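What follows is a short report on a single structure.
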Amino acid sequence: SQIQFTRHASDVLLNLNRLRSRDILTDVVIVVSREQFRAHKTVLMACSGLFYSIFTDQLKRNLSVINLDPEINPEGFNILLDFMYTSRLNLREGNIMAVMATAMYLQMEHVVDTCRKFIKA
Amino acid sequence: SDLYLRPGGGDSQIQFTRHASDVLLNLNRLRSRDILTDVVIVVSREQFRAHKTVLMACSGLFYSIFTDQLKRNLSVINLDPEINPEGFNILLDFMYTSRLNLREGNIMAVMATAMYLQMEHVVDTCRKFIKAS
Amino acid sequence: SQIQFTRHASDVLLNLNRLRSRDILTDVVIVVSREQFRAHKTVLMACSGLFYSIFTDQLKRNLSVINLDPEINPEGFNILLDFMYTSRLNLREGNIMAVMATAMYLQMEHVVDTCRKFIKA
Amino acid sequence: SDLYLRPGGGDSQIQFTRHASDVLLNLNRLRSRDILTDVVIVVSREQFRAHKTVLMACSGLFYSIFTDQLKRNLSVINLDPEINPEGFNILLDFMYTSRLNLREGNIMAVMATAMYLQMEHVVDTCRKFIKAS
Amino acid sequence: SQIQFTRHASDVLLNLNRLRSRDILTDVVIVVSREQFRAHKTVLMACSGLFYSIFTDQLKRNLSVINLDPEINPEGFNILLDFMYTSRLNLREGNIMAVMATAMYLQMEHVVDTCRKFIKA
Amino acid sequence: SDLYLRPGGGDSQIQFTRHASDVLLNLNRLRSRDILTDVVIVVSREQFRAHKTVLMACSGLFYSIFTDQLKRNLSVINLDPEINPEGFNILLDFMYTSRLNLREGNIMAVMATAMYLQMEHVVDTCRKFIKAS
Amino acid sequence: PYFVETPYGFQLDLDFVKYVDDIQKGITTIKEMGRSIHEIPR
Amino acid sequence: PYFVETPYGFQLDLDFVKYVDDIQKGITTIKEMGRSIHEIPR
Amino acid sequence: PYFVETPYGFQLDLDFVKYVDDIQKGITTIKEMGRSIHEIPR
Amino acid sequence: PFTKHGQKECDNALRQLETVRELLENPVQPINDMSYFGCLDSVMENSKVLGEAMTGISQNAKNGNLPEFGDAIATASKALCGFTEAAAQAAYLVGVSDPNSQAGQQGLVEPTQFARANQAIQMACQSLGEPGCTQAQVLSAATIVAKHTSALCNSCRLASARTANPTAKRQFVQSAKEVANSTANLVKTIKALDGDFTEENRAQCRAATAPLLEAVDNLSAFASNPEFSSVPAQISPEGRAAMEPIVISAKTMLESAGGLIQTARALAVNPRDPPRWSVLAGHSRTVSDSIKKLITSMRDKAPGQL
Amino acid sequence: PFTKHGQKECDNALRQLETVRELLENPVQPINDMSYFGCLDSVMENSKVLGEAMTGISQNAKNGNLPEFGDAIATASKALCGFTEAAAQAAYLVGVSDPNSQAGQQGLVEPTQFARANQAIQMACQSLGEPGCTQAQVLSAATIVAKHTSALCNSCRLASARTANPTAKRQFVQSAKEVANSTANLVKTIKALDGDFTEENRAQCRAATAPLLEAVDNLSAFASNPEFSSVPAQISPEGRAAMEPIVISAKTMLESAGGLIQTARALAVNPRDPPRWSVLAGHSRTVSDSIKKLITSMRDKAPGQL
Amino acid sequence: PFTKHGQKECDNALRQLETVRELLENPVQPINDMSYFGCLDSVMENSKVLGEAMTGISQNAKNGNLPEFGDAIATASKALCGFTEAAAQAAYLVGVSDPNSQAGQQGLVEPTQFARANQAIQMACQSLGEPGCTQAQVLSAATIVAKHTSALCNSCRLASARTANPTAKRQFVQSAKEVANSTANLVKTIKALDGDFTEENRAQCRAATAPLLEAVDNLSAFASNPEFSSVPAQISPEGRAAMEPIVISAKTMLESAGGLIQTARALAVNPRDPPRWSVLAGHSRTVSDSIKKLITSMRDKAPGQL
């Protein structure tokens with residue numbers, strides 16, 4: 001017999017969010033502009049194709065601080081980082097463009113297409 | 001006259017339902033390719049490489065091991081010798097796949113290792129199986 | 001003045017029964033058939049003339065196990081052993097003969113005569 | 001015709017009232033003849049042989065001494081030097097005879113040794129005597 | 001700014017009375033007749049001009065026992081000692097003369113004049 | 001005839017209101033003249049002679065120090081090095097004079113030393129000052 | 001020794017009273033004032 | 001999930017029920033059953 | 001400072017209030033604002 | 001005389017609250033195998049259950065419907081039990097997490113389920129051959145104890161899978177097969193001796209219970225050995241100070257909810273009592289405040305966060 | 001205004017329950033000199049007394065008869081006090097029985113009976129020569145303190161029979177004879193000074209109290225010395241874990257029985273209250289359950305049995 | 001529906017009693033900076049206040065006047081809180097006074113007032129630039145947090161005056177001047193941006209909050225360092241035995257007074273209830289007895305007297 005724990009996948013992500021909220025084993029600091037963002041490399045690579053290419057690079061796998069491009073909006077990246085740990089993408093009547101632009105910078109094409117669908121209506 | 005082009009007002013939240021499953025699947029792909037595996041779990045001369053964050057998200061024991069400061073940055077973790085290697089192997093595969101393979105033979109080592117790793121939900125599932133067969 | 005504690009004798013026997021029920025300082029095992037019976041040698045000698053003759057024998061005073069005759073009924077001996085510690089002799093419409101026979105085997109003549117009186121009525 | 005010969009039916013329990021007194025008297029005869037005396041109690045260079053089971057059935061202290069595993073199989077038990085030998089002698093004779101001999105002179109050592117041996121019923125009796133004389 | 005704690009002076013005397021009632025750091029025993037009186041030298045010198053002259057004497061500053069004159073009334077001195085620690089002078093229709101006489105022996109002239117005022121009425 | 005001369009009957013108690021102030025003033029005169037000063041308080045190489053009984057009557061710390069038996073008959077008491085000498089000086093003068101001199105500069109060391117000496121009433125007064133300026 | 005009736009049908013739980021009785025003894029009882037066991041000579 | 005009405009106007013304090021809700025999430029919610037992130041090859 | 005009367009004759013036990021009074025002092029009281037003891041010169 | 005068959009729910013629920021209260025008095029070994037995050041999930045889920053239970057207690061006792069009142073009383077009881085179990089488990093983890101604390105291993109066996117299973121066959125020995133319980137009754141006398149012998153083999157099996165010594169693991173498997181094969185010899189006694197049972201084979205049916213009882217006695221004697229005895233952990237002074245805010249809020253939750261159910265009992269008998277509804281309102285706030293302080297303390301005191 | 005002279009039994013009984021509760025908070029030295037088996041006998045006998053008391057509480061408060069209600073309240077109080085004393089004594093014996101525990105010797109003297117006896121003569125010194133308590137009253141002023149001086153010699157005598165140091169035993173006998181012979185000198189003061197007491201010999205009657213008071217002060221000062229100070233035992237972690245089931249069941253018994261007497265107080269004032277009888281029924285079950293768990297725990301946890 | 005706006009005083013007062021009860025569970029570090037004699041003065045003065053409060057509770061709830069009832073309930077609450085604080089402080093001093101005890105230093109900072117002040121600016125960051133809280137509201141959004149930034153400099157200043165390390169004292173003064181000068185740069189943002197605020201200078205008003213928030217985050221991170229962490233004292237077994245009589249009497253005072261206020265709540269809703277007045281009379285005696293035993297224990301157990 002093979003038992004399927006349907007709620008297991010959501011519990012792991014929630015516990016991973018508990019570890020980030022408590023700075024437990026956060027192994028990287030994503031610096032955008034002047035704001036600090038600590039997270040787990042494994043979660044960043046699983047969600048963002050950009051961060052996957054960064055930490056798969058052997059010369060950049062053991063980096064403690066990652067400084068993004070200055071044009072990246074900090075609040076837009078924060079909504080994406082919160083989406084990686086909570087499966088919730090919060091879009092406002094203003095930040096929707098900053099979230100859409102930062103999503104394609106992080107190579108998260110499915111989040112980009114979702115913002116393309118929402119900007120239509 | 002003129003007209004304004006705005007995507008409405010207020011707030012909105014998009015719920016990606018299968019996002020949690022995609023993260024766990026991608027994390028399992030990283031383990032199968034040995035990508036950023038930060039710890040190796042030795043169970044009776046049998047090694048198991050995985051991610052510390054995933055072990056703490058599923059096992060209450062590994063949470064206690066890596067929240068310990070003098071054991072947080074440990075490369076190797078040797079479990080007790082009374083832990084069955086395949087019993088821990090079934091649980092580790094369950095952590096990354098949400099699949100618990102139980103038979104009438106391995107359920108002894110699975111539940112015994114489940115309560116050792118402090119996985120109450122798995123222990124209650126194994127107890128339900130035994131109380132039904 | 002000499003104060004007479006009337007309830008003292010019953011309290012000692014009750015406490016001696018508490019020690020047997022908890023296997024506290026039980027220094028002999030009376031094996032009848034295939035059943036084990038642990039008790040105190042001092043209580044056995046005080047009540048049974050047979051056990052008195054056994055443990056007064058210098059070559060049998062320090063025996064840990066005492067195997068009775070196979071013809072002795074285990075349930076009949078149990079009622080006698082319980083009587084030694086509780087002053088209560090339980091007789092049924094069946095075991096009365098096994099208690100009477102085991103009593104005279106243990107050389108407890110007063111218990112034998114009591115069973116002789118009860119079998120009359 | 002025929003007829004059946006049975007001693008009735010049901011159950012019955014015979015209560016030997018003076019059985020407890022006969023056991024204590026026989027136990028005292030064993031002590032006077034030094035039969036299976038398994039311990040000797042030394043009270044200020046004065047020895048007293050008795051039965052461990054009887055000491056535990058009467059004294060809460062001797063119960064604590066022989067229920068102690070590393071003191072259970074002890075041949076000699078040396079009490080505290082502040083214990084009066086005759087005060088303990090009156091109590092030991094009381095354990096086997098249910099007789100407590102109290103005078104206006106020895107009642108000091110009797111009650112003091114009674115509470116040392118943890119015999120609350122004897123302590124309350126001595127306190128009743130003093131509160132009456 | 002200079003803050004005036006009005007209740008401070010009464011709290012120090014009350015605490016000094018707590019120390020005397022508990023024999024805490026009582027450094028002298030004032031023996032009158034056959035009665036013992038333990039107190040603090042600093043409180044005795046502050047209130048009594050006699051005790052001030054005694055402990056200011058270099059050859060009598062480190063004396064543990066001070067034996068007063070036998071003619072001094074012990075109960076009269078007790079009322080004065082209690083007054084030093086409680087600011088309360090208890091006068092009866094009898095002990096008023098013993099308090100007045102012991103006060104002038106202790107060189108407490110203000111307490112003497114108070115007794116002179118009370119004996120008038 | 002005759003007549004009797006008695007100062008009435010019953011009891012009477014005379015309350016010297018300013019007696020407590022006169023005792024504290026006389027005690028302060030003894031300290032200024034170094035009369036029976038039984039202890040010297042060192043605060044960062046700065047000495048302060050006073051009376052032990054007065055220190056215990058005002059400071060809960062000095063009460064704990066001299067009620068300690070192995071520290072009761074101590075001639076010198078060295079406070080912690082983090083204690084400001086003038087902050088303790090303002091408090092010591094307050095113990096003998098009931099005067100607390102507070103400014104916007106010294107109130108830091110006064111309240112910090114007040115809670116070190118366990119003087120809750122002084123701490124609450126300094127907290128009232130800061131919550132008003 | 002198990003339950004007693006209060007007003008309005010409620011009870012007082014005396015199960016501890018019966019629990020002590022089961023410990024003290026545990027159907028007809030018969031008394032015998034005669035000597036029960038042999039007497040040991042001095 | 002905050003207060004419920006009992007007879008005579010009194011309340012039952014359910015502030016802990018709302019305190020748990022603020023932890024679980026914290027206006028329109030939109031579901032998306034499509035894949036959220038890129039899939040990693042084996 | 002000992003007992004106060006509630007409806008239906010019951011009391012409120014204030015023996016602790018009187019117990020504190022016995023500690024603070026313990027019949028006519030007389031005040032004297034004059035100096036009590038000698039003043040020590042500097 | 002009424003509401004008598006609705007009070008039992010209140011009486012039994014309070015007893016269950018008295019029992020879980022025993023977990024909070026001195027945690028020295030874990031209550032279960034819950035992760036610390038699992039304790040947060042358990043506390044938050046039981047709070048969702050307790051909320052619906054309290055609303056059911058008030059609305060039922062307001063206007064009859066005593067069966068639903070008994071369900072809400074039992075629901076509130078089990079929800080508070082889950083509160084205490086997760087709070088005691090979390091409080092233990094916070095205590096041992098201190099670097100100056102010790103660990104307390106749990107016993108390899110529980111000498112309580114084996115004691116009740118021993119009485120299941122001890123009191124059944126004389127209950128099948130004395131003037132009290134005669135023949136015929138084999139459907140009940142055998143099944144009520146066969147469930148315990150099968151649970152004996154299950155509990156003894158998992159007990160071997162946790163011990164490190166193969167000497168014990170071999171003995172546990174041996175002792176489990178002794179109770180099993182002795183019952184297997186009793187299967188033949190149940191196969192026959194149905195109607196033809198006038199001492200036709202009852203001498204052999206008891207002959208199969210003799211190795212069934214002496215092997216259970218042998219297994220129970222082995223359950224009280226070294227290593228199997230549980231060891232309490234040594235919580236450091238700082239570990240005791242960190243776990244108490246979770247323990248105190250959990251103790252206050254039980255004592256406040258017990259008075260709520262006690263007040264709900266009086267209001268279930270007669271709801272027309274404004275003072276009693278005021279006391280329930282007062283207990284409902286102290287219950288909610290205790291839960292909020294309990295969840296907040298468990299969140300702040302994670303063994304990882306400072 | 002009624003039932004006022006029946007409430008005092010309830011008020012005083014609860015205070016006695018608050019006092020014995022102090023024994024269970026931290027047993028570190030024995031409450032008395034009871035054998036462990038004597039604790040079983042005391043608990044079982046007090047349960048027989050408490051049962052009859054509770055039935056008397058309900059049946060009295062049902063229909064007046066307040067004097068019998070006060071007797072049942074006082075009887076239930078003293079029965080619960082015997083429960084707590086035997087439970088605390090047994091809990092201590094279980095704690096020290098652990099091989100990794102320590103022993104705690106009790107004080108050779110009790111500096112409380114000597115303190116009350118000191119005030120019996122201290123407050124009697126000025127009460128025989130001041131404008132408040134005059135002459136004549138010698139039947140009461142002498143007998144109420146002579147009982148304490150005789151009890152002083154009795155307590156000081158048995159205190160010598162327990163100390164090992166003959167230096168103290170000689171001093172106890174000496175101090176006991178000082179209080180006795182000083183009172184013997186006061187016997188002559190009572191022999192005379194009956195009617196001819198206008199300062200005819202009162203100067204010598206007080207002259208006999210001066211060595212009577214200073215010898216009592218000398219005896220009280222010697223009671224607070226080394227060795228005489230009690231030492232608490234060091235209960236091991238396993239010893240603390242074994243004694244708690246007896247302590248917890250004893251704490252629950254007192255807190256549940258206190259609410260029963262408190263509910264019985266309200267029902268004694270007015271029995272027509274079905275909700276109040278329901279609360280009493282709920283407390284009666286928690287009381288019975290606590291006693292059953294207490295007796296069962298004391299039986300299983302004998303210092304001899306495993 | 002009535003008495004709803006008078007129950008809040010009873011509900012909030014009991015919560016305050018539950019909070020001070022947390023001080024008595026395990027004193028290991030002092031509650032405040034009170035002298036032992038100051039604890040006697042505080043207990044005796046609060047007893048004078050509690051007496052007048054209880055008389056006000058009864059006489060108000062007797063005949064309406066619910067506003068005065070709420071004042072007496074709140075007065076009795078704060079008086080009992082002063083009882084517990086002085087009792088816990090005295091109990092600690094008695095414990096550490098034992099020659100075989102240890103000392104427990106209190107934390108140099110309190111990481112709770114800085115946490116609430118952090119949320120005063122954290123929740124105010126997005127509350128000044130999102131579709132929820134717009135412009136205009138600068139009188140409230142600035143003053144409610146400026147009081148906390150000024151209290152931040154006050155708390156950080158006195159925290160430096162207690163540390164021995166000048167490295168921390170220099171950093172505390174530096175961190176206090178960082179929050180001050182960053183707010184000083186915000187003074188210019190309040191000087192302007194009043195009516196001409198259509199993004200005319202709001203980009204610079206937030207530019208002054210950026211060093212105001214990151215310096216507060218820097219100060220809060222430094223508050224959780226070594227030395228600053230409080231250390232619990234090690235109370236000896238004899239020290240624990242001496243402090244418990246003060247702790248037990250303090251625990252009994254709170255639990256008895258809580259039931260008094262709880263009974264006073266029911267009598268405030270409806271005073272015509274003789275059984276309820278009897279329960280209040282019973283709690284009033286247990287309260288008075290607990291206070292008398294508390295004051296007597298604190299007087300006898302002075303750290304100086306034997």
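Chains: A, B, ... in order of the structure tokens. Residues: from 1 per chain. Ligands: from 1, in order shown.
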*If you run DSSP on the backbone, which residues of region 2-234 of chain J are helix (DSSP H, G or I), as an NGL selection string?*
:J and (4-24 or 36-62 or 66-96 or 113-128 or 139-160 or 166-191 or 202-222)
_Contact residues (chain I, partner chain K, 12 Å, only C-alpha atoms) as a ChimeraX atom specification_ = /I:5-13,27
*From the list B:131, B:18, B:33, B:45, which residue is nearest residue 85 (chain B) when using only C-alpha atoms?*
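Counting only C-alpha atoms, the residue closest to residue 85 (chain B) is B:45.
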*Enumerate as a count of residues only the residues belonging to chain J that approach chain B to within 9 Å, with only C-alpha atoms taken into account.*
24
After fit on chain G (all C-alpha, ordered pairs), chain H as a PDB file with C-alpha atoms, in the first residue's frame:
ATOM      1  CA  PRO H   1     -21.497   2.954  49.730  1.00  0.00           C
ATOM      2  CA  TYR H   2     -21.858   3.735  46.014  1.00  0.00           C
ATOM      3  CA  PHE H   3     -24.350   6.570  45.551  1.00  0.00           C
ATOM      4  CA  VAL H   4     -26.727   8.409  47.874  1.00  0.00           C
ATOM      5  CA  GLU H   5     -29.766  10.371  46.745  1.00  0.00           C
ATOM      6  CA  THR H   6     -29.775  14.164  46.957  1.00  0.00           C
ATOM      7  CA  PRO H   7     -32.773  16.400  46.216  1.00  0.00           C
ATOM      8  CA  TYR H   8     -33.763  16.680  42.545  1.00  0.00           C
ATOM      9  CA  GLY H   9     -32.413  13.206  41.785  1.00  0.00           C
ATOM     10  CA  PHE H  10     -28.701  14.034  41.868  1.00  0.00           C
ATOM     11  CA  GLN H  11     -26.205  11.697  43.522  1.00  0.00           C
ATOM     12  CA  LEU H  12     -23.152  11.719  45.770  1.00  0.00           C
ATOM     13  CA  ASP H  13     -20.417   9.502  44.338  1.00  0.00           C
ATOM     14  CA  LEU H  14     -19.271   7.105  47.077  1.00  0.00           C
ATOM     15  CA  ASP H  15     -17.373   4.710  44.796  1.00  0.00           C
ATOM     16  CA  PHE H  16     -14.273   5.252  46.943  1.00  0.00           C
ATOM     17  CA  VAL H  17     -16.174   3.863  49.940  1.00  0.00           C
ATOM     18  CA  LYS H  18     -16.888   0.638  48.049  1.00  0.00           C
ATOM     19  CA  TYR H  19     -13.348   0.625  46.640  1.00  0.00           C
ATOM     20  CA  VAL H  20     -11.989   0.436  50.195  1.00  0.00           C
ATOM     21  CA  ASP H  21     -14.412  -2.378  51.046  1.00  0.00           C
ATOM     22  CA  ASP H  22     -13.153  -4.445  48.105  1.00  0.00           C
ATOM     23  CA  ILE H  23      -9.616  -4.037  49.469  1.00  0.00           C
ATOM     24  CA  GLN H  24     -10.436  -4.994  53.066  1.00  0.00           C
ATOM     25  CA  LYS H  25     -12.134  -8.238  51.985  1.00  0.00           C
ATOM     26  CA  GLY H  26     -12.026  -9.680  48.477  1.00  0.00           C
ATOM     27  CA  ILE H  27     -20.678 -15.599  50.785  1.00  0.00           C
ATOM     28  CA  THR H  28     -21.705 -16.608  54.299  1.00  0.00           C
ATOM     29  CA  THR H  29     -19.219 -15.742  57.046  1.00  0.00           C
ATOM     30  CA  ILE H  30     -18.695 -18.197  59.912  1.00  0.00           C
ATOM     31  CA  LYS H  31     -16.898 -17.319  63.146  1.00  0.00           C
ATOM     32  CA  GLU H  32     -14.665 -19.728  65.069  1.00  0.00           C
ATOM     33  CA  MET H  33     -13.252 -18.636  68.435  1.00  0.00           C
ATOM     34  CA  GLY H  34     -11.220 -21.841  68.748  1.00  0.00           C
ATOM     35  CA  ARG H  35      -7.476 -22.058  68.284  1.00  0.00           C
ATOM     36  CA  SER H  36      -6.580 -22.005  64.592  1.00  0.00           C
ATOM     37  CA  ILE H  37      -2.997 -23.326  64.422  1.00  0.00           C
ATOM     38  CA  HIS H  38      -0.651 -25.475  66.476  1.00  0.00           C
ATOM     39  CA  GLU H  39       1.067 -23.921  69.488  1.00  0.00           C
ATOM     40  CA  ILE H  40       4.872 -24.036  69.513  1.00  0.00           C
ATOM     41  CA  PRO H  41       6.548 -25.220  72.741  1.00  0.00           C
ATOM     42  CA  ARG H  42       9.066 -22.951  74.430  1.00  0.00           C
TER      43      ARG H  42
END
*Residue neighbourhood residue 105 (chain J), 9 Å, only C-alpha atoms, exclusion window fewer than 6 positions, as a ChimeraX atom specification*: /J:29-30,229-233
*Distance-based interface of chain E with chain F, 10 Å, counting only C-alpha atoms, as an MDAnalysis selection string*: chainID E and resid 1:19 24:26 40:47 55:56 61:62 83:94 96 111 114:115 118:121
_Polymer residues at most 10 Å from region 215-219 of chain K, only C-alpha atoms, same-chain spacing of 2 or more positions, as a PyMOL selection string_ = chain K and resi 114-115+117-118+121-122+149+152+156+171-172+174-180+182+209-213+221-224
Just the selected residues (N, CA and C atoms), exported as a tab-separated table (two decimals), in the first residue's frame, please.
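Below is the file that was written, selection-v9.tsv:
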chain	number	residue	atom	x	y	z
K	114	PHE	N	7.14	26.61	72.08
K	114	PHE	CA	7.88	27.39	73.06
K	114	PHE	C	7.66	28.89	72.88
K	115	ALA	N	7.33	29.32	71.66
K	115	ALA	CA	7.06	30.73	71.42
K	115	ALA	C	5.71	31.13	72.00
K	117	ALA	N	4.24	29.55	74.49
K	117	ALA	CA	4.42	29.47	75.93
K	117	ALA	C	5.21	30.66	76.46
K	118	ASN	N	6.08	31.24	75.64
K	118	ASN	CA	6.78	32.46	76.04
K	118	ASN	C	5.82	33.63	76.15
K	121	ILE	N	3.69	33.85	79.37
K	121	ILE	CA	4.26	34.51	80.53
K	121	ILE	C	4.70	35.94	80.22
K	122	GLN	N	5.05	36.25	78.97
K	122	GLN	CA	5.42	37.62	78.62
K	122	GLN	C	4.24	38.57	78.77
K	149	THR	N	3.87	25.72	81.35
K	149	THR	CA	5.16	25.43	81.98
K	149	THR	C	5.33	23.94	82.21
K	152	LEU	N	6.00	22.64	78.99
K	152	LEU	CA	7.38	23.00	78.65
K	152	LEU	C	8.36	21.96	79.16
K	156	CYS	N	10.48	19.58	76.76
K	156	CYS	CA	11.93	19.65	76.92
K	156	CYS	C	12.51	18.31	77.36
K	171	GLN	N	21.77	19.80	79.15
K	171	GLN	CA	21.26	21.17	79.19
K	171	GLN	C	19.73	21.18	79.11
K	172	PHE	N	19.15	20.26	78.34
K	172	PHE	CA	17.69	20.17	78.28
K	172	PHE	C	17.12	19.78	79.63
K	174	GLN	N	18.59	20.21	82.49
K	174	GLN	CA	18.84	21.35	83.36
K	174	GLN	C	17.83	22.47	83.11
K	175	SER	N	17.60	22.81	81.84
K	175	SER	CA	16.65	23.86	81.52
K	175	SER	C	15.22	23.47	81.88
K	176	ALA	N	14.90	22.17	81.80
K	176	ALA	CA	13.57	21.72	82.21
K	176	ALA	C	13.40	21.80	83.72
K	177	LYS	N	14.46	21.49	84.47
K	177	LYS	CA	14.40	21.62	85.92
K	177	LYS	C	14.44	23.07	86.38
K	178	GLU	N	14.97	23.97	85.54
K	178	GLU	CA	14.95	25.39	85.89
K	178	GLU	C	13.54	25.95	85.83
K	179	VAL	N	12.79	25.62	84.78
K	179	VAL	CA	11.41	26.07	84.68
K	179	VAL	C	10.55	25.38	85.73
K	180	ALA	N	10.92	24.16	86.13
K	180	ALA	CA	10.14	23.43	87.13
K	180	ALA	C	10.39	23.96	88.53
K	182	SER	N	11.67	26.85	89.39
K	182	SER	CA	11.21	28.23	89.48
K	182	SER	C	9.70	28.29	89.71
K	209	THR	N	8.67	34.79	89.88
K	209	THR	CA	8.46	34.83	88.44
K	209	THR	C	9.69	35.30	87.68
K	210	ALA	N	10.59	36.04	88.34
K	210	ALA	CA	11.80	36.50	87.67
K	210	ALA	C	12.70	35.35	87.23
K	211	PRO	N	13.01	34.35	88.07
K	211	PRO	CA	13.72	33.17	87.55
K	211	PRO	C	12.84	32.29	86.68
K	212	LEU	N	11.52	32.43	86.78
K	212	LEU	CA	10.63	31.66	85.91
K	212	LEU	C	10.62	32.21	84.49
K	213	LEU	N	10.77	33.53	84.33
K	213	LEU	CA	10.78	34.13	83.00
K	213	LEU	C	12.15	34.08	82.35
K	221	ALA	N	16.22	30.41	73.88
K	221	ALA	CA	17.43	30.76	73.14
K	221	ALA	C	18.23	29.53	72.76
K	222	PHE	N	18.18	28.47	73.58
K	222	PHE	CA	18.89	27.24	73.27
K	222	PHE	C	18.15	26.38	72.25
K	223	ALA	N	16.86	26.64	72.02
K	223	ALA	CA	16.11	25.87	71.04
K	223	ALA	C	16.48	26.22	69.61
K	224	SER	N	17.10	27.37	69.38
K	224	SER	CA	17.51	27.81	68.05
K	224	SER	C	19.03	27.71	67.94
*With only C-alpha atoms as the atoms that count, which of L:283, L:111, L:299, L:72 lies nearest to residue 59 (chain L)?*
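Ranked by minimum distance to residue 59 (chain L), first place goes to L:72.
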What are the nearest atom pairs, with distances in Å to one decimal, for all residues of chain J that come at most 12 Å from chain L, using only C-alpha atoms, set out by chain and rising residue number as a Markdown table?
| residue | atom | partner | partner_atom | distance |
| --- | --- | --- | --- | --- |
| J:25 | CA | L:25 | CA | 11.7 |
| J:236 | CA | L:232 | CA | 10.2 |
| J:237 | CA | L:232 | CA | 6.7 |
| J:238 | CA | L:232 | CA | 6.8 |
| J:239 | CA | L:232 | CA | 10.3 |
| J:240 | CA | L:26 | CA | 9.4 |
| J:241 | CA | L:232 | CA | 8.1 |
| J:242 | CA | L:232 | CA | 11.0 |
| J:243 | CA | L:26 | CA | 11.8 |
| J:244 | CA | L:25 | CA | 8.8 |
| J:245 | CA | L:22 | CA | 8.4 |
| J:246 | CA | L:22 | CA | 11.4 |
| J:247 | CA | L:22 | CA | 10.6 |
| J:248 | CA | L:22 | CA | 7.3 |
| J:249 | CA | L:22 | CA | 9.3 |
| J:251 | CA | L:18 | CA | 11.0 |
| J:252 | CA | L:18 | CA | 8.0 |
| J:253 | CA | L:18 | CA | 10.9 |
| J:255 | CA | L:255 | CA | 11.3 |
| J:256 | CA | L:18 | CA | 10.5 |
| J:259 | CA | L:259 | CA | 11.0 |
| J:263 | CA | L:262 | CA | 11.8 |
| J:273 | CA | L:270 | CA | 9.4 |
| J:274 | CA | L:269 | CA | 6.9 |
| J:275 | CA | L:266 | CA | 4.3 |
| J:276 | CA | L:266 | CA | 6.8 |
| J:277 | CA | L:266 | CA | 8.8 |
| J:278 | CA | L:266 | CA | 6.7 |
| J:279 | CA | L:266 | CA | 6.8 |
| J:280 | CA | L:262 | CA | 10.2 |
| J:281 | CA | L:11 | CA | 8.5 |
| J:282 | CA | L:11 | CA | 5.6 |
| J:283 | CA | L:11 | CA | 8.5 |
| J:284 | CA | L:11 | CA | 9.7 |
| J:285 | CA | L:11 | CA | 7.3 |
| J:286 | CA | L:15 | CA | 6.7 |
| J:287 | CA | L:15 | CA | 10.3 |
| J:288 | CA | L:15 | CA | 10.9 |
| J:289 | CA | L:15 | CA | 8.2 |
| J:290 | CA | L:18 | CA | 9.5 |
| J:293 | CA | L:19 | CA | 10.8 |
| J:300 | CA | L:112 | CA | 11.9 |
| J:305 | CA | L:224 | CA | 11.5 |
| J:306 | CA | L:224 | CA | 8.1 |
